[PDB]
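Chemist: For reference, the structure I am asking about is given below.
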Amino acid sequence: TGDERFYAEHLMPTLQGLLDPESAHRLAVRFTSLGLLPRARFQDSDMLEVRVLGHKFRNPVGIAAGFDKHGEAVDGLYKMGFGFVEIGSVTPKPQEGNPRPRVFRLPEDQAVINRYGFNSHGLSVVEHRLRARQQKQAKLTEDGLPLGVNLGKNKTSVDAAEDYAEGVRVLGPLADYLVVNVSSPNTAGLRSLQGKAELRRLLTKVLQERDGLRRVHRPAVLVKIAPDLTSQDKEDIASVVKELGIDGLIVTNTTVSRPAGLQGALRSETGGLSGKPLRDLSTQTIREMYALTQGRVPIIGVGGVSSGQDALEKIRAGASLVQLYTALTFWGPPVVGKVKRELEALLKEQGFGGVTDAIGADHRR
Ligand SMILES: Cc1cc2nc3c(=O)[nH]c(=O)nc-3n(C[C@H](O)[C@H](O)[C@H](O)COP(=O)(O)O)c2cc1C
Ligand SMILES: O=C1N=C(Nc2ccc(F)cc2C(=O)O)S/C1=C\c1cccc2ccccc12
Ligand SMILES: O=C(O)c1cc(=O)[nH]c(=O)[nH]1
């Protein structure tokens, strides 16, 4: 399509020439929150529908956490064509995050590196903002357009588990699913919450707070993990996830690795790397986690998705849903309908009646 072509060849290069990546992101969140976008050409077919996590998803393509950190553009994101929206990460108290510059474009790699550091308006602000549209969301969700909320922890916090428990209490009642983000590379000590004993203690507390919410306000709880785990780490996560009945996994966050071959001048900036160089590392983490949980723990696959093929590879590896974030940054809004359209064509070509039939198909070969 000409829209996709116009953005890819003209508008996006012009926008990257004019604005640093943080400004462009802020501007994009502002435009999107105002609805200043086309509106979806692409009409979702029934093949794209997925039922998982106690919900219907009209399509399996979501916006990853980090784009709409503070819950300001949710409605414009559904308008862009995403089948579900995840906001956050949200910390209990407001905090500024790291000094700028803290986001970097690696155009030659179709990659970004970021070290935002959980810049967040905080739970109260985000709570009031979601409350103002709570019933509009309840109808969106009933219509197949769910909302997730991704929870983080304050930089100076002296008890991580209590930060996450507060998140559960405050935003849990407004969310279809929560994410316990234990995988940011930009918060000191955070990723060590993924180890066995810490993780079990942490998630036991999270699930207990979730279980004490009223039934209609009780979300699914997912754990978002890194692409950089050891085999031991992964085995331990899978075991805990099964022992506690965690509802799902988000696989993966950004990488602290720098794969060989990066060309961008900014490749040695500190931060998490996203985009194309993360793609297969993420797909393989998905593959492993699905096998370790015997295909019984729903997985939302994320990292380097910019095409229908990218998405279908994660689905066949075991993802029930996918997300993207960095591709939007390079190709703009038209990438959303593009991924959905190609995914549907590939599903037909490969003989799948729908997305659901493809889920984990590589493990049954
Ligand atoms: C600028 C930026 C900010 C991000 N912030 C968050 C965040 O606050 N919480 C989170 O769980 N993941 C965050 N992510 C990670 C994305 O949700 C996603 O896991 C990762 O970028 C891989 O997907 P992608 O290759 O499609 O961008 C962020 C990513 C980027 C690029
Ligand atoms: O040019 C753009 N750059 C974007 N983001 C970024 C660009 C570079 C970077 F290092 C990081 C980001 C980021 O979001 O961290 S988003 C965008 C364009 C649009 C994206 C979404 C909605 C829009 C709506 C209207 C106009 C442009 C956009
Ligand atoms: O710095 C952040 O806020 C952030 C970046 C990132 O890549 N992942 C994450 O979970 N948080």
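Quick note on naming: the chains in the structure tokens go A, B, ... in the order shown, residues restart at 1 in each chain, and ligands are numbered from 1 in order of appearance.
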Could you list the protein, DNA and RNA residues that have any atom within 10 Å of ligand 2, counting only C-alpha atoms and all ligand atoms, and write them as a VMD selection string?
Modeler: chain A and resid 7 11 to 38 66 to 68 73 76 to 77 80 102 to 107 111 to 114 116 274 325 to 335
Chemist: Return as a count of residues only every polymer residue, whether protein, DNA or RNA, with at least one atom no more than 8 Å from an atom of ligand 1; count only C-alpha atoms and all ligand atoms.
Modeler: 48
Chemist: Tell me which of A:51, A:5, A:201, A:191 sits closest to ligand 3, counting only C-alpha atoms and all ligand atoms.
Modeler: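 For ligand 3, the nearest of the given residues is A:191.
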Chemist: So that I can see what lies close to residue 321 in chain A, please list as a VMD selection string the residues with an atom at most 9 Å from it, counting only C-alpha atoms and leaving out residues fewer than 2 positions away in the same chain.
Modeler: chain A and resid 50 52 57 59 to 62 298 to 302 311 314 to 315 319 323 355 359
Chemist: The selected residues should be written to file as a JSON list (two decimals), in the first residue's frame (atoms: N, CA, C and O atoms).
Modeler:
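File written: again-v5.json
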```
[["chain", "number", "residue", "atom", "x", "y", "z"],
["A", 50, "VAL", "N", -8.21, -14.45, 18.87],
["A", 50, "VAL", "CA", -7.61, -15.35, 19.82],
["A", 50, "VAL", "C", -8.30, -15.21, 21.17],
["A", 50, "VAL", "O", -8.62, -14.08, 21.62],
["A", 52, "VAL", "N", -7.66, -16.00, 25.03],
["A", 52, "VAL", "CA", -6.64, -16.45, 25.94],
["A", 52, "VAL", "C", -6.70, -15.54, 27.16],
["A", 52, "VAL", "O", -7.27, -14.45, 27.05],
["A", 57, "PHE", "N", -9.38, -11.58, 22.10],
["A", 57, "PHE", "CA", -8.54, -10.58, 21.42],
["A", 57, "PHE", "C", -8.89, -10.58, 19.95],
["A", 57, "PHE", "O", -8.68, -11.58, 19.27],
["A", 59, "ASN", "N", -7.51, -9.19, 17.42],
["A", 59, "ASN", "CA", -6.34, -9.60, 16.65],
["A", 59, "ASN", "C", -5.19, -9.79, 17.63],
["A", 59, "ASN", "O", -5.29, -9.33, 18.77],
["A", 60, "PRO", "N", -4.12, -10.50, 17.23],
["A", 60, "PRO", "CA", -3.13, -10.87, 18.18],
["A", 60, "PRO", "C", -1.97, -9.90, 18.23],
["A", 60, "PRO", "O", -0.95, -10.23, 18.84],
["A", 61, "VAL", "N", -2.12, -8.71, 17.66],
["A", 61, "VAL", "CA", -1.02, -7.78, 17.55],
["A", 61, "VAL", "C", -1.21, -6.60, 18.49],
["A", 61, "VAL", "O", -2.13, -5.77, 18.24],
["A", 62, "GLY", "N", -0.36, -6.54, 19.56],
["A", 62, "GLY", "CA", -0.42, -5.54, 20.58],
["A", 62, "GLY", "C", 0.69, -4.53, 20.53],
["A", 62, "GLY", "O", 1.70, -4.70, 19.89],
["A", 298, "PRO", "N", 0.17, -19.40, 28.58],
["A", 298, "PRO", "CA", 0.10, -18.47, 27.48],
["A", 298, "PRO", "C", 1.33, -17.50, 27.44],
["A", 298, "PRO", "O", 1.74, -16.99, 28.46],
["A", 299, "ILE", "N", 1.84, -17.24, 26.26],
["A", 299, "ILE", "CA", 3.00, -16.43, 26.03],
["A", 299, "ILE", "C", 2.64, -15.33, 25.05],
["A", 299, "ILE", "O", 2.04, -15.53, 24.07],
["A", 300, "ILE", "N", 3.01, -14.13, 25.45],
["A", 300, "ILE", "CA", 2.94, -12.96, 24.58],
["A", 300, "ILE", "C", 4.40, -12.72, 24.12],
["A", 300, "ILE", "O", 5.31, -12.52, 24.93],
["A", 301, "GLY", "N", 4.59, -12.83, 22.82],
["A", 301, "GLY", "CA", 5.91, -12.79, 22.22],
["A", 301, "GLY", "C", 6.18, -11.39, 21.72],
["A", 301, "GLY", "O", 5.36, -10.81, 21.00],
["A", 302, "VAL", "N", 7.34, -10.87, 22.07],
["A", 302, "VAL", "CA", 7.75, -9.56, 21.70],
["A", 302, "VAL", "C", 9.28, -9.50, 21.53],
["A", 302, "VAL", "O", 10.08, -10.10, 22.27],
["A", 311, "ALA", "N", 5.79, -12.16, 13.05],
["A", 311, "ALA", "CA", 4.77, -12.48, 14.03],
["A", 311, "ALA", "C", 4.49, -13.96, 14.04],
["A", 311, "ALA", "O", 4.40, -14.58, 15.13],
["A", 314, "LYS", "N", 6.97, -16.16, 15.82],
["A", 314, "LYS", "CA", 6.77, -16.19, 17.28],
["A", 314, "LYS", "C", 5.54, -17.02, 17.69],
["A", 314, "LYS", "O", 5.58, -17.77, 18.64],
["A", 315, "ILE", "N", 4.46, -16.91, 16.94],
["A", 315, "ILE", "CA", 3.25, -17.76, 17.17],
["A", 315, "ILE", "C", 3.56, -19.24, 17.02],
["A", 315, "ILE", "O", 3.37, -20.03, 17.97],
["A", 319, "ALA", "N", 3.91, -18.43, 20.95],
["A", 319, "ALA", "CA", 3.20, -17.24, 21.40],
["A", 319, "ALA", "C", 1.72, -17.28, 20.96],
["A", 319, "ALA", "O", 1.42, -17.61, 19.81],
["A", 323, "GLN", "N", 3.52, -8.61, 20.46],
["A", 323, "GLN", "CA", 3.59, -7.18, 20.55],
["A", 323, "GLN", "C", 4.73, -6.62, 19.70],
["A", 323, "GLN", "O", 5.71, -7.32, 19.35],
["A", 355, "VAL", "N", -5.22, -18.10, 13.77],
["A", 355, "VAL", "CA", -4.10, -17.91, 14.67],
["A", 355, "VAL", "C", -4.01, -19.02, 15.68],
["A", 355, "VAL", "O", -2.93, -19.54, 15.93],
["A", 359, "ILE", "N", -0.58, -21.63, 16.96],
["A", 359, "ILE", "CA", 0.12, -21.46, 18.24],
["A", 359, "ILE", "C", 0.93, -22.70, 18.64],
["A", 359, "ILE", "O", 0.38, -23.76, 18.86]]
```
Chemist: Just checking: using only C-alpha atoms and all ligand atoms, which residue out of A:229, A:182, A:281, A:213 ends up closest to ligand 3?
Modeler: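 The closest residue to ligand 3 is A:182.
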Chemist: Between A:228, A:289, A:97, A:163, which is the closest to ligand 3 once you count only C-alpha atoms and all ligand atoms?
Modeler: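 Between A:228, A:289, A:97, A:163, the residue approaching ligand 3 most closely is A:97.
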